[PDB]
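*Asks:* sequence, then structure. It's an experimental one.
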Amino acid sequence: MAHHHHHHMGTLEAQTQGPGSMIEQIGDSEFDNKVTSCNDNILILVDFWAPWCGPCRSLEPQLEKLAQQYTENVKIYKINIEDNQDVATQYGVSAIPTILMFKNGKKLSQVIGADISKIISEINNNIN
């Protein structure tokens, strides 16, 4: 019939995804705007999805995990500038993927690579 029964929602996954992407797509001109668009203590994670895409398969839904859990104090963006590789060299992208943090327009830490443990660690570490 229908397997509809659940209490709350915690860290439950299956490498699935579903409709409800939180990774905000932004263009070059929207970058500073969206970084400043934060209210207060809003941790902004800027993903640099390089077209190589290695462990990105797991990390993408894992980021959405943390995005949906922490969305009350977190907002993730993904920059659309696939033509300009300089952006990588400028922002210091050296892995696939690479996550920069910003908060209230103020400079925040950067986690390069695909380590969801380090990502979540810094998320809670930078919210609190």
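*Replies:* Great, that's in hand. Numbering: from 1, shown residues only.
*Asks:* dump the residue contacts of the residue positioned nearest the centre of the chain.
*Replies:* In the chain, the centroid-proximal residue (C-alpha atoms, centre = their mean) is residue 76; its distance is 4.1 Å. Counting by C-beta atoms under 8 Å, 6 or more residues apart in numbering, residue 76 touches 22-24, 44-47, 63, 67. (C-beta placed from N, C-alpha, C; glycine too.)
*Asks:* hey, where'd the helices end up in this structure?
*Replies:* Counting by DSSP state H, the chain has helices at residues 30-36, 56-70, 86-91, 116-127.
*Asks:* next one: the shortest one to chain centre, how far?
*Replies:* To tie it back to what came earlier, the one meant is helix 86-91. 18 Å (C-alpha atoms, centre = their mean, to the nearest Å).
*Asks:* may I have it exported as PDB, CA atoms only?
*Replies:* What follows is helix 86-91, C-alpha atoms only, in PDB (Å, rounded to 0.1, in the frame of the first residue of the first chain):
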ATOM      1  CA  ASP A  86      41.600  31.500 -12.800                       C
ATOM      2  CA  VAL A  87      38.900  31.500 -10.100                       C
ATOM      3  CA  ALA A  88      40.300  28.200  -8.900                       C
ATOM      4  CA  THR A  89      43.800  29.500  -8.700                       C
ATOM      5  CA  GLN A  90      42.600  32.700  -7.000                       C
ATOM      6  CA  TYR A  91      40.400  31.100  -4.300                       C
END
